[PDB]
């Protein structure tokens, strides 16, 4: 069954930016609870503030989220020092978003989780940036798994993100995401492949439609977890329909339950 990382608590979204500035606890609790109620397995928290305010902002977001829901945190920062300084504010282990072959991300994050039950998203990039092909992404995923192994981190705890690019930039963006996913899972059947949805549609109209269909496909290609907006009813219906279509919803009960509970459908 697809693992859902709810994306909505970010500093990039203007309403969330404004709620952080205001210390608007109600808005953050409501995003937390409703993402959980829609089926999120992790609640992403991303401060998106300046460097010097990031750690305090993450701490505030984690405190408020955990008041509202027991669903575990996905700590989203591009600064491993920030992640280090907030890990202890989590009440239970969750997901770290993320590491990569860039700079010292692995050597800061992996000692911090080596021994505990934290999981980790690992992006397929390194110091030269986004890879320019499938093969490069696959080799980077291998290098990530080996590094993780040297700190005793099992492949099961790892969500490889092959950083899908925009379909407007490369019309093979999905055919290349599906190929990297097949090769990575072929080399590591216990590993998890993850993606965000939004990058795929950057540069196109009706981005929600494009995101949905990419999800519908990415699931069929083997994607195990995804960062997405589970408050998007249409997206949630497509998600659950795709779960039933891939033979993961016994007697289509979850889909039927979601409609009867008015989780999906009009409206």
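Residue numbers count along the first chain shown, from 1.
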{"property": "Stretch with the greater mean C-alpha B-factor as recorded in the entry, comparing 194 to 202 against 219 to 227", "result": "194 to 202"}
{"property": "Between 91 to 99 and 147 to 155 (mean CA B-factor, as deposited), the higher", "result": "147 to 155"}
{"property": "Residue, from 183, 79, 171, 85, that the PDB entry assigns the highest Cα B-factor", "result": "171"}
{"property": "Chain third (lowest, middle, highest) by recorded CA B-factor, residue given as residue 160", "result": "lowest"}
{"property": "Cα B factor band for residue 166 (lowest, middle or highest third within the chain)", "result": "highest"}
{"property": "Position of residue 119 among the chain's modelled residues by C-alpha B-factor, lowest, middle or highest third", "result": "middle"}
{"property": "Record-listed C-alpha B factor of residue 178: chain third", "result": "lowest"}
{"property": "Ranked against its chain, the third holding the CA B-factor of residue 142", "result": "middle"}
